[PDB]
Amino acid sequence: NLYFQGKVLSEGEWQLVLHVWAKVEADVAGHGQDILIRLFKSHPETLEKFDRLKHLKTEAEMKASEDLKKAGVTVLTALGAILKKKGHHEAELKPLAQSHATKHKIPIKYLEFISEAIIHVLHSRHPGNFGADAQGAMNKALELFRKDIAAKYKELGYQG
């Protein structure tokens, strides 16, 4: 198994992140649904950034939406790919910052909101295997993502 040195997190922290993410990926649509519904319930203003979704008014409607299901898979597969770079994600963040800062106008604050939604859902679905250690390593990985993408927003002309 070829060693791939990561940045900022320790090797053991990266392994806790990628072990949990493998569980996410095995049911990506289900995790995606849960995370976006939690985001949209805790922070209803985020729903307005998704044109195909902004009309959905209840949890039953959100769970029935094929569009929300597709958005959830979009979000979690892009984030998983970034996490698997173990901090070597400069190239990946460039187009994501470009679309999110320039077209969608996503404030960095919403990335913090979805980070909270991700930790909440991971606790809810893996209550036996998402402990203090795994939670801390995931918080560090998402913090690094938010820090680096905030820096890319400013390189592309936007504060966010």
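The first residue of the shown sequence is 1; numbering continues from there.
Checked against the record, the higher mean CA B factor of 43-51 and 114-122 lies with 43-51. 52-60 and 88-96 differ in mean CA B-factor, and the higher of the two is recorded for 52-60. Among all modelled residues in this chain, the alpha-carbon of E25 has a temperature factor (C-alpha) in the highest third.
Placement of the Cα temperature factor of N139 within the chain: lowest third of the modelled residues, per the deposited record.
Per the PDB record, residue ranking by Cα B-factor puts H104 in the middle third of the chain. When the CA B factors of the chain's modelled residues are split into thirds, the value for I35 lands in the lowest one.
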